[PDB]
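Encoded as C-alpha cells, the structure appears first; notes follow it.
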Amino acid sequence: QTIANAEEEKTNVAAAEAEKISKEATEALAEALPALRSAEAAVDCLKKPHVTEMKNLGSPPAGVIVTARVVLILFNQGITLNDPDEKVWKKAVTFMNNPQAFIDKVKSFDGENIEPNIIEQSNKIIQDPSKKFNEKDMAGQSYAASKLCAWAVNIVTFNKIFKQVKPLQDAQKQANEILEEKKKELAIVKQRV
C-alpha cells in the first residue's frame, strides 16, 4: 500500500507538470490563431474592382510587374523570375481576363501552405530590400498593385505563421493527451491506494 501510495504521488506530480506544459501550449495556440485570423482578416484586402484595372492597364508600370511575378509564382503558373518583364505581364493578364473568375480563385486558392518550393521564390522578393513591394512603396506606382501586393505580403506572413501554429498545435495536442492520460492513471491509482 505504501509503495502504491509513493507510485500514485509521483504520477500525480508528473500529471501536474504535464497540465502546466499543456496550459502554456494552449496559450501559444491562442496567440497562433489571431496569427491566422489577423492574416485571414487582412486577406480580403483585394476586391473585384482592383483586379479589373490590372486587366485593363494593358500598358505597364515597372513595380506593378513585380506584383505580377509574386502573383504568377503563388498560383504556380511557372516561369519563376528568369523570363523578362513584358512576357511576364502577358502571363499576368490572361488570369485577370475574367475579374470575377480571378477573385474567385484568390479566396479558394488559399489552401493552407499551398507549395514549399514557391514560398522560397516569393520570400526572396519580399526579403529583397530593393524593388520596394512593402505595399505602401507600391501604392505610389499603380495603386491597385498596392492592394494586390498587400494581400500577397499578408499571404506570405500567413504561410510563415501557418508553419509556426502547426508545430505549436501538434506540441499542444500531445501535451494535452499526456496530461489527460496521466490524470486518469493518477485518479485510478489514488482509488487503489
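Residue numbering restarts at 1 for every chain of the C-alpha cells, chains are lettered A, B, ... in their displayed order, and ligands are numbered from 1 as they appear.
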Please provide as a PDB file with C-alpha atoms, in the first residue's frame all residues within 12 Å of residue A:157, with the sequence filter that same-chain residues fewer than 6 positions apart are discarded (counting only C-alpha atoms).
```pdb
ATOM      1  CA  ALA A  35      -1.929  34.882 -36.077  1.00  0.00           C
ATOM      2  CA  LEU A  36      -4.071  33.132 -38.800  1.00  0.00           C
ATOM      3  CA  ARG A  37      -7.237  35.249 -38.114  1.00  0.00           C
ATOM      4  CA  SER A  38      -5.283  38.583 -38.356  1.00  0.00           C
ATOM      5  CA  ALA A  39      -3.889  37.471 -41.767  1.00  0.00           C
ATOM      6  CA  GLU A  40      -7.291  35.951 -42.828  1.00  0.00           C
ATOM      7  CA  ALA A  42      -6.114  41.037 -43.989  1.00  0.00           C
ATOM      8  CA  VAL A  43      -6.680  38.550 -46.912  1.00  0.00           C
ATOM      9  CA  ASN A 113       0.734  26.199 -47.119  1.00  0.00           C
ATOM     10  CA  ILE A 119       7.200  30.220 -50.936  1.00  0.00           C
ATOM     11  CA  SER A 122       8.034  34.695 -53.087  1.00  0.00           C
ATOM     12  CA  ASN A 123      10.034  35.058 -49.785  1.00  0.00           C
ATOM     13  CA  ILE A 126       9.739  40.207 -50.081  1.00  0.00           C
ATOM     14  CA  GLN A 127      13.118  39.627 -48.286  1.00  0.00           C
ATOM     15  CA  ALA A 150      -0.638  43.949 -49.596  1.00  0.00           C
ATOM     16  CA  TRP A 151      -2.584  40.617 -49.784  1.00  0.00           C
ATOM     17  CA  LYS A 163       4.213  26.888 -40.125  1.00  0.00           C
ATOM     18  CA  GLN A 164       4.555  28.267 -36.550  1.00  0.00           C
TER      19      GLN A 164
END
```
_Residues near residue A:125, anyone? I mean within 10 Å using only C-alpha atoms, not counting same-chain ones fewer than 5 positions away, as a list in words._
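The contact residues come out as residues 66, 67, 69, 70, 81, 120, 130, 131, 132 and 133 of chain A.
Here atom CA of residue A:71 stands at a distance of 14.6 Å from atom CA of residue A:83.
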*Smallest atom-to-atom distance to residue A:85: which of A:73, A:65, A:101, A:33, using only C-alpha atoms?*
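Looking at the shortest contact to residue A:85, the residue is A:65.
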*Select, from A:186, A:25, A:156, A:193, the residue with the minimum atom-to-atom distance to residue A:11, counting only C-alpha atoms.*
A:186
With the cut-off set at 12 Å and counting only C-alpha atoms, tabulate each residue of stretch 84-189 of chain A with an atom at most that distance from an atom of stretch 47-64 of chain A, showing the nearest atom pair and its distance in Å to one decimal, ordered by chain and increasing number, as CSV.
```
residue,atom,partner,partner_atom,distance
A:84,CA,A:62,CA,11.9
A:85,CA,A:62,CA,8.5
A:86,CA,A:60,CA,8.3
A:87,CA,A:60,CA,11.5
A:88,CA,A:60,CA,10.9
A:89,CA,A:60,CA,7.9
A:90,CA,A:58,CA,8.9
A:91,CA,A:55,CA,10.9
A:92,CA,A:55,CA,8.4
A:93,CA,A:55,CA,5.5
A:94,CA,A:55,CA,8.2
A:95,CA,A:55,CA,8.5
A:96,CA,A:55,CA,5.5
A:97,CA,A:55,CA,5.9
A:98,CA,A:52,CA,8.1
A:99,CA,A:52,CA,5.5
A:100,CA,A:48,CA,6.4
A:101,CA,A:48,CA,9.5
A:102,CA,A:51,CA,7.9
A:103,CA,A:48,CA,6.3
A:104,CA,A:48,CA,9.3
A:105,CA,A:48,CA,11.7
A:106,CA,A:47,CA,9.8
A:107,CA,A:47,CA,10.2
A:125,CA,A:63,CA,11.9
A:130,CA,A:63,CA,10.9
A:131,CA,A:63,CA,7.2
A:132,CA,A:63,CA,7.8
A:133,CA,A:63,CA,7.7
A:134,CA,A:63,CA,11.2
A:135,CA,A:63,CA,10.7
A:136,CA,A:63,CA,11.8
A:137,CA,A:63,CA,9.3
A:138,CA,A:63,CA,6.8
A:139,CA,A:64,CA,9.4
A:140,CA,A:63,CA,9.7
A:141,CA,A:63,CA,6.4
A:142,CA,A:64,CA,6.6
A:143,CA,A:50,CA,8.5
A:144,CA,A:50,CA,4.9
A:145,CA,A:64,CA,5.7
A:146,CA,A:64,CA,8.5
A:147,CA,A:50,CA,7.3
A:148,CA,A:50,CA,7.7
A:149,CA,A:64,CA,8.9
A:150,CA,A:47,CA,11.9
A:151,CA,A:47,CA,10.3
```
*Which residues in stretch 1-190 of chain A does DSSP call alpha helix (DSSP H)? List them as a PyMOL selection string.*
chain A and resi 2-41+48-57+64-75+86-89+99-109+118-127+136-139+144-190
*Separation of atom CA of residue A:12 from atom CA of residue A:27, in Å and rounded to one decimal*: 22.8 Å
*Go through A:129, A:116, A:34, A:111 and flag the residue nearest residue A:165, using only C-alpha atoms for the distances.*
A:34
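Atom pair atom CA of residue A:153 / atom CA of residue A:44 has a distance of 12.5 Å (rounded to one decimal).
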*For each of A:5, A:172, A:166, A:79, take the minimum atom-to-atom distance to residue A:118, counting only C-alpha atoms, then give the residue where this is smallest.*
A:79
